[PDB]
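All remarks here apply to the structure that follows.
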Amino acid sequence: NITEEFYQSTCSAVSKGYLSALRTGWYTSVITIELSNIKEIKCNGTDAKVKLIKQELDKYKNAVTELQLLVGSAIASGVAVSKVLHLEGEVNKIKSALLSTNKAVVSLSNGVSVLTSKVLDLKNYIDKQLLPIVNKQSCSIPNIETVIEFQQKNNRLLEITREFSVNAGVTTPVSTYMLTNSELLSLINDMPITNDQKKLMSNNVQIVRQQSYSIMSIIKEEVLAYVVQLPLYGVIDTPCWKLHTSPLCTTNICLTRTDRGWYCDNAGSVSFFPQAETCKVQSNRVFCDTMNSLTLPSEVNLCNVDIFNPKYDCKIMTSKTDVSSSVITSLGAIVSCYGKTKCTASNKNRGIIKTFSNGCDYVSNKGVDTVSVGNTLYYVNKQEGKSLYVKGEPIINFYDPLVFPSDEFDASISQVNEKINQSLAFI
Amino acid sequence: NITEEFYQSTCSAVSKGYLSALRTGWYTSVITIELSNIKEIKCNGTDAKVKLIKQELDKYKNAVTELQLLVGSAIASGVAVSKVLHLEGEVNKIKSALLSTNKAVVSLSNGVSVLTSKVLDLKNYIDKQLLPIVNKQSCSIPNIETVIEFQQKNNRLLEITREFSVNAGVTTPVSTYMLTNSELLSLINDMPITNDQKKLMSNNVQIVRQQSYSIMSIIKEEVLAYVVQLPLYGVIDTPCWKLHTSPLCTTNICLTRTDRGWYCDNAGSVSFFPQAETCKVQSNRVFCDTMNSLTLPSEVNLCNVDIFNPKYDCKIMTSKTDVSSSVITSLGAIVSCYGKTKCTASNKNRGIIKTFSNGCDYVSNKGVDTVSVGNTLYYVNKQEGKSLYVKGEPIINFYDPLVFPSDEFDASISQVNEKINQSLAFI
Amino acid sequence: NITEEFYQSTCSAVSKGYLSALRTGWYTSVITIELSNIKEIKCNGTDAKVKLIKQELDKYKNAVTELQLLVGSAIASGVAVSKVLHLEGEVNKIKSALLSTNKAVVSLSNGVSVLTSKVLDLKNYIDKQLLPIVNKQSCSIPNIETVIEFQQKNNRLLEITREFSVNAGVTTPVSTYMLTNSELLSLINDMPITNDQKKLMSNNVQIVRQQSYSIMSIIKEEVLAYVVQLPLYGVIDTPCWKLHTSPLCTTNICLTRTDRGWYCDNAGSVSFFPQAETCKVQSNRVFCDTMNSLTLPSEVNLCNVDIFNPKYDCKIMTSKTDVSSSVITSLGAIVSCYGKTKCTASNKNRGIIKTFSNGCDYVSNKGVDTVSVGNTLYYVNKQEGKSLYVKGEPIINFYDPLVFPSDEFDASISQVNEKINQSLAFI
Amino acid sequence: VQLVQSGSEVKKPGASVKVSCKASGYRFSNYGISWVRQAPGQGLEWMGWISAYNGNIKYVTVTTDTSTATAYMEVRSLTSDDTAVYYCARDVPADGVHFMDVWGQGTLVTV
Amino acid sequence: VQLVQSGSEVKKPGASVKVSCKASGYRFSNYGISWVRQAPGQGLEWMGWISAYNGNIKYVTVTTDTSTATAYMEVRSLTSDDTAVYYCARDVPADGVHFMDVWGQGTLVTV
Amino acid sequence: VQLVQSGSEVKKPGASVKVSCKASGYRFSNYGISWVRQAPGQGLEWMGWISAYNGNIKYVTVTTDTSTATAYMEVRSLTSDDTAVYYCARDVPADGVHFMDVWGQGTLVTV
Amino acid sequence: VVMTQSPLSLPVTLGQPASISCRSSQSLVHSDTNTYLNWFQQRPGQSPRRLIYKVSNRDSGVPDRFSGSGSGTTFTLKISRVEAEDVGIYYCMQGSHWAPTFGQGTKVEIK
Amino acid sequence: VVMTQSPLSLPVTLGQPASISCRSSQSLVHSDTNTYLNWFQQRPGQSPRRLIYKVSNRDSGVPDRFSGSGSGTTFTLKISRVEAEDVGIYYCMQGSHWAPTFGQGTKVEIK
Amino acid sequence: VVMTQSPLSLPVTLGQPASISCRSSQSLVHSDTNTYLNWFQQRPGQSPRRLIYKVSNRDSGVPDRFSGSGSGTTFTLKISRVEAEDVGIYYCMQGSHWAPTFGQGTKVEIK
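Chains as they are written, first to last, in the deposited numbering: chain B, 27 to 96, 144 to 324, 331 to 506; chain A, 27 to 96, 144 to 324, 331 to 506; chain C, 27 to 96, 144 to 324, 331 to 506; chain H, 2 to 52, 52A, 53 to 59, 67 to 82, 82A to 82C, 83 to 100, 100A to 100D, 101 to 111; chain I, 2 to 52, 52A, 53 to 59, 67 to 82, 82A to 82C, 83 to 100, 100A to 100D, 101 to 111; chain J, 2 to 52, 52A, 53 to 59, 67 to 82, 82A to 82C, 83 to 100, 100A to 100D, 101 to 111; chain L, 2 to 27, 27A to 27E, 28 to 107; chain N, 2 to 27, 27A to 27E, 28 to 107; chain M, 2 to 27, 27A to 27E, 28 to 107.
In structure tokens:
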């Protein structure tokens, strides 16, 4: 259950009660589509249905022809597998492995073993189930349903080609054409991972797609194979807390804690994720990619309870930009009201239920439905949870404008204090 | 009609003549699709058409199964409505309201009344118009057109499921599958808003989609309902002006006004939109989202006519980065030429019509078709309008390099002057 | 062939061996679809196939109705062509030019000549090949294949309308519906450019789409015309080198070269591309858009071999943020290990093959398959190439923490030295 | 859920009569009111629809009073052909399909 | 590529017997093992499948030892009806289609 | 819009002749030129196409002079079989469909 | 949309079934697959009350003797047993299109 | 694409209609639904001039007596009344494919 | 999936052909268009060995006399010439579904 704590001292709110799902690795699987080497239907005729088949075959052939024309690094794992498949003889390993089965584990040249699955076999359908239907002597097809089912089978290839063409062979998220939900669910079950990870990934397949990649690998020897790069969640169920920060100004000099974003416990240390796009959030599970993470000591949590703790140097910025704004946190909203701008909190039925005075203040999502700051109307999150207000004297009142260095784009508590002490030393 | 004024004093161009359409609120409507609870066709047979129906039913069932697996906050309004629909008994309110009509207003638990519209009824089609067609004794379908029309009806569900699967249940912009153009046009007409807003939204439905959201809400009790979160434009037809800025350097120390972006009048104050993605621009209408807005006093406009005005503190940055570049404004282009880099303005027929000297200069779109600065070829906007050149002495010549603080990533006129005065005080 | 050089002195790696493909201009072509002015099928009847045709015609009519409702500037070239087509009489030039041929060059009002191509003619199909099929007396269609082929012909229009509706008339990348691969390949061949550019664009059509734009232009007088804005690569085969940088800290004060990104030779000067999204990279070809480029003197390359060169002022940043991180370069990975965080390089079979000590170090992709820094597991790029390690004394050891200005968000070697000298002057 | 209308009206040609329709038992603002004319010896005829949610009007001037949950229909330039019973029916609040589930008892206007 | 099983086993009812299956000629971890029972005078019967790649199990307790490339099947509460030949077949490593290309010679368990 | 060609040419076998085609009445650079051979007592035969917009060539060496709006076709190693009338036709400027709306009067080359 | 209704007079003996048909000029199938055809009853001296709200769905409180049937453009209202309370005027209504339209009405009597 | 044309000689009495057929070896329908088949006329002593530029579209200045017809692989050129100015050689041409091809030509005469 | 196999006993004269049929209760076509039906042979005193691994694909080392045929739910195994080494028990197997199932087995003999 989610719990929010607003700290009036630093105008920051921490939304605890979350559980982690941190992507610490990648799982690369090879998805193969066996392609027919057909060039055309041999006969020519005036049948309208066969012309539709030829039109669909032209779509098929053009799709194959289109495919043949094709900090960290997010696809380094799938690119590595793709480059191995380009080596001589590695395609025939996949061809022989999937000769009698649709799933196989293939040991490549590097020694890595990758699970290979054949999700579609157009070579079988076209050569064995489509071409024998065509009466070459009359160049006619008996039933129209053959045309319709050919369009359905070929449709997945056309959409896979369509996505690779516009994404230059690397698509993210992995769509349902690359890997259907049943295939993705079965693929997760087939991964050599613990049951806790399988339960986590199966319940959140929509998050798995958003964090996955599809890499077009080979189009050679009647095989269309692309590497799907699924995420591995090695860290699960560890506590997470999101730090929401809003400007804190005198009522002038402003102060804002810059270290906002998600924090999660990881192997005795705190993984900090500054970018907002990094972490996807579910009911109470936070899916943060560790590639965009900073590893911090566990003492980083002490900045919430004590901004002047000696165990850590909390990051803040200093400026004179006394502009009113509101941060719509979970279970509430931080409202910073300054100047002549009027800030109010409103309810759907009762209307304006609170008028914010000058300073930084917090309103829970209970009762409040919208927040108005200046000319901007903010809607608050209606998540169920318990919000806690921690009253305290704002830290911005301890400084003085004469020596406050109000130009730090990114600094820390100790850096500001040392720079202040330098100002006092000169003065 | 658009009018551009270039200010040589500050190397800034203001593109006036625009009208505002500011999104100040949200309108959430519930779009429902009634789903059949069919598990399969009871019979089995060798008919090719029925197999196509079963294949399409498997797509239907998998689509339902896929759906069942599913600062500010842009979707706080639609999430709030979605969370209410999850409450016990709220689904049956929608079920009973839409029992005899395809549009209804439903009063939820919170007391909010939301317009509910049923755009597709797959429960009626499958149970009443599809299953009775299937001859269970022979397990055959008489006509192939039943298969084709079933694919058409089911197609919208599959695409809605497809978009929610890859977007994790929140899609923006709202595609034509979520809400067709006729449905979006009728929905705007059905909103309880003034006719000026309805005319604005109906003429710019393409902008409305880009600023809308679709939130997957419920898949329970044979009802697929998703909340479409349309924008509300409470501020219309107010003047807007875009501030284009380019570096101003001595011919060295550079100066650039950092407050570039859209400004629009709003309730006696100026709404400033720094981000470029915030504002969509039409013929002369600017669609700016107020969530990404700063509320400023009306005196902010005085920075264009007088950079040293006492009524406002205009934001500038200072640096030594004497790099030539050009800003392609509307109705012209600002060209800053420095160093040995050659800058020219060219016409399609007459060729190079102007060679820019050292400094910041402006060329209208009349005659000029391309601008070349260094190795970069810039095409100018051919918008029809009247450009005005305001000759004046550049402000960068008033300072001196000895005390100019050329390291401010973001500062103001008064901050620079105070820091300069501090430098003179020491010296 | 790619070659990497790691410089221990500045903790920077340069990945040479690349060839440029710099977009220096645009090529705008008009793609036209001739539309039928049909309002409906005159007859009414109980035929199931004709109802399918009427349903598809309603999709056709709604698609037309949907279309009728529709620093630098990336679409200034295509917008300019679009605005000319809106002039009176310019549509009839295209109508008469394409009267007997599907490709023509049309001289517009501005005097520019644009290659116009008609990729689909729905006016011919509907009026001449669809309507005569409908038996108006019985209101029946003989064969279902007419319905299926009508859906195929109309499908491209619906998808083009679908993309313009959600993109507000400007789509990028140019999908396969806007311009198929055969049409894009033929369009490149038809451009008045040298054969070296044609070979470059034809081999990398996937990159061409990602750098192209499609602008919806006119829907008037039975003509749907949209301007496709293809890229022009005036600079080809010139050397490129990517500069990878990682923090360099004492083992404290940190130093990092901020000028990371792609550099390419261009007309005797170096084009620097800071943004990562600007440059697409192929096997050894780098496709950088020059709109996001900085033009620099050729002496910028001297910063790699000598950071204290007088010919250039290399850009660095200074901070106290002693945080361990790794930069996954091509042909290797830079690892900066500081504090108590453990950094290791691992192989798939042999496991952990190296443990990084405090400082900045580099490991080639030979042998190394993954890199672990703190809680983050980084996979290295397995690109084939020769990496070179240039041992040298790190420059951060030359300074002293007492006068090191560790707060520069972006500065240079000379700026830091002058600021240091100012500190020594006071002291 | 019921609708009650005004009493019978007797008017001379050229005058104006405003029928009323008081709603009870449901939320007035969640629906619209459709007005139906029934001339003696003649079938029902749909006159106009007014939404209590939008204020939208389709077709005489129909208005709704949300505060009193009352709908009004005013017919101007009354003629002998306008002698008919006028019904108010609860209807769709938006541009959907009309259902007219609940009807008022009927106001007989005589001209 | 071959599979060798344990020798014949004679057991009394209520006991437990663990059949083994030693693999050679291929990578054990790239496949799974399917166990098939053949009662005398009766057809083949699929008992269970264990993957050497996942450890996944389908159906008695089947286990695999990757280090020794050996698969084990333990049948508890042996009855007279459990007298049969038990085969190990190399199978799909994941939830694909089963093929059973290579079979062990067969362990005859007598109860 | 018209095309005028060179006069009749008489050549000995093994020589080379360059036919010309001067264009007027339209923009030369917006089209291409297709060359057609008509042997006496024989039908028309398409020889080659050159674009004045791209310079692209399809099939003897055809060239265009944009400055003088003139197209040239040179046939080398003339034989007795090359005695024919050679026409220039205004054609598509790109790889579209050929139409050949306007033809030159014809150059009779005799070998 | 003209809603033709037949017959206009339906004298029915007590206890015997009665059928009322109503044929539309257009197909009443909406964008969503539903067919919104309503059936109303006007008891003598009362306002019309809705019996069937979609082609076959009885309204709450309507006895089971009233059955609705039909599809596309043709529809049927049937009464299994005509009682004394079934005397009235029945109107078919479509709300699918822009303007709701009623039928001419069927006057049910007793013989 | 071989454009077979028939007949090769068409002696026609003045005033009577004349029909020229031209059958293609492949379907001439392009990627866009148009069928680019042209008809040319070579008046004696003159260069060929285009009459029909798509299967039925007359060129500007062509009298209405010339009618084009056909679809797919078979096409027809018809003259309603053959006059003295209709004597010549008619060539069918396709430009749809890579290489334009002409027919053998039809020699129209007067009896 | 019940794999019915027929016949259960197949006494065959040496050199004459033999046919074994195996009909499934469901269609064995997988999501990918393949039909994974296997045919095994149990030589007397040996473990079953795979002959055909997809409906017609012979396994490596299998003589060409063994031919597989069938589609959908019905399949056939044929031997062109029955030799002394063809005596055994043949099992059809499907691996497509969740649980692999074998046929009852066909006991081939020699007359």
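Idealized CB from N, CA, C, for every residue including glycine.
| Asked | Found |
| --- | --- |
| Taking Cβ positions, are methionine 274(B) and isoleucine 261(B) nearer each other than 8 angstroms? | yes |
| On the premise that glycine 418(C) lies in contact with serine 404(C), defined as a C-beta separation below 8 angstroms, what is that separation, rounded to the nearest angstrom? | Contact doesn't hold; Cβ gap of about 11 angstroms is too wide. |
| Alpha carbons only, please: which of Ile34(J), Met100D(J), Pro41(J) is nearest the one belonging to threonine 77(J)? | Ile34(J) |
| Among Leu82C(I), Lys13(I), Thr83(I), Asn56(I), whose alpha-carbon lies nearest the alpha-carbon of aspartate 95(I)? | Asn56(I) |
| Report the neighbours of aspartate 263(A) on chain H: residues whose CB is nearer than 9 angstroms to its CB, in chain order. | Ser52, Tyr53, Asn54, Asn56, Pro97, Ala98, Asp99, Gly100 |
| Consult DSSP for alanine 177(A) and reduce its assignment to one of helix, strand or coil. | strand |
| Are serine 290(C) and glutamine 302(C) close, meaning C-beta to C-beta below 8 angstroms? | no |
| Consult DSSP for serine 213(C) and reduce its assignment to one of helix, strand or coil. | strand |
| Taking only beta-carbon atoms, is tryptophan 314(B) less than 8 angstroms away from chain C? | no |
| In the region 269-295 of chain C, which residues sit with their C-beta less than 8 angstroms from some C-beta in chain J, listed in chain order? | none |
| I need the boundaries of the alpha helix (DSSP H) containing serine 169(A), first residue and last residue. | 163-170 |
| Relative to chain A, which residues along the region 444-461 of chain B have a C-beta separation below 7 angstroms, given in chain order? | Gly453, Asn454, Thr455, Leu456, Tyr457, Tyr458, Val459, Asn460, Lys461 |
| Taking the C-alpha atoms as reference points, what is the distance between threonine 73(H) and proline 44(L)? | 25 angstroms |
| Here's a check: name, in chain order, each residue in its chain whose Cβ is nearer than 7 angstroms to the Cβ of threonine 369(C), leaving out the five neighbours to either side. | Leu48, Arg49, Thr50, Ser350 |
| Decide if the region 17-27 of chain N is in contact with the region 69-84 of chain N; the criterion is three or more beta carbon pairs, one per stretch, under 8 angstroms apart. | yes |
| Return the CA-CA distance between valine 447(A) and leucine 410(A), expressed in angstroms with no decimal places. | 10 angstroms |
| Identify every run of the beta strand (DSSP E) within the region 64-94 of chain N, keeping only runs that are complete inside it and at least 3 residues long; order them along the chain. | 70-75, 84-90 |
| How many Å lie between residue 110(B) and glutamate 31(B) at the Cα? | In the structure shown, chain B runs from 96 directly to 144, leaving residue 110(B) without coordinates. |
| Nearest to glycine 145(B) by CA position, among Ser173(C), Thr449(C), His159(C), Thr357(C), is which residue? | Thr449(C) |
| Give me the chain B residues within the contact set of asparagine 88(A), using Cβ-Cβ distance strictly less than 9 angstroms, ordered along the chain. | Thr253, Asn254, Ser255 |
| Alpha carbon to alpha carbon, how far is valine 102(H) from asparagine 216(C)? | 49 angstroms |
| When Cβ atoms are compared, which residues of the region 381-403 of chain C fall closer than 9 angstroms to chain N? | none |
| Return the first residue and the last residue of the beta strand (DSSP E) that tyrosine 306(A) is part of. | 296-318 |
| Please report whether the beta-carbon of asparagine 363(A) lies at a distance below 8 angstroms from any beta-carbon of chain L. | no |
| Taking only beta-carbon atoms, is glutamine 3(J) less than 8 angstroms away from chain N? | no |
| Tell me which residue opens and which closes the alpha helix (DSSP H) that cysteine 382(C) is part of. | 381-384 |
| Any beta carbon from chain J within less than 8 angstroms of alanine 177(C)'s own beta carbon? | yes |
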